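S.K.: What shape does this take:
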Amino acid sequence: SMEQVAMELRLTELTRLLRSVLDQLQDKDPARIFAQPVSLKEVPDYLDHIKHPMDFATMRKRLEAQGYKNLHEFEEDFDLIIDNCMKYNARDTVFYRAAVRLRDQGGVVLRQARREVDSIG
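M.R.: Numbers count the residues shown, from 1 in each chain. See the structure here:
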């Protein structure tokens, strides 16, 4: 149907906007701490601690399959990156501190992304 096509075009355009958001958030991680999944070879107990692991590569796979239907779903995954790190790692670590900085800097980006999503529809 033509309605199905229109819905698919809206999803395509949301995907474009989320790719730009994703790029902007990942620039706030210049150490690449959050670039890839925590390795279960290197942290074998990880899944005993963290039930839903997340990282930027995993988000990028979902994004390119048009797997985010709305901004809320995308923000959920971003928040898991931060929140998982802040639980597994202590306050005095480079990891915890990178997460705090990513959260704080990413808040700005996500604030205007929400306005854009609402505005363009």
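S.K.: roughly how far apart are the one residue sitting closest to the centre of the chain and residue 120?
M.R.: Nearest to the geometric centre of the chain sits residue 78, at 3.0 Å (C-alpha atoms, centre = their mean). The spacing between residue 78 and residue 120, counted by C-beta to C-beta, to the nearest Å, is 20 Å. Placement of C-beta: from N, CA and C, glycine included.
S.K.: Then residue 51?
M.R.: Separation of residue 51 from residue 120 (C-beta to C-beta): 34 Å.
S.K.: and what of residue 75?
M.R.: 17 Å.
S.K.: So for these two, which sits in the more crowded spot?
M.R.: For the pair residue 75 and residue 120, the greater number of neighbours falls to residue 75 (17 against 10), based on other C-beta atoms under 10 Å.
S.K.: before we move on, what SS does the residue nearest to the centre of the chain have?
M.R.: helix (DSSP: H, G, I helix; E, B strand; the rest coil).
S.K.: For it, give me its contacts.
M.R.: 25, 54, 59, 106, 110 (C-beta atoms under 8 Å, 6 or more residues apart in numbering).
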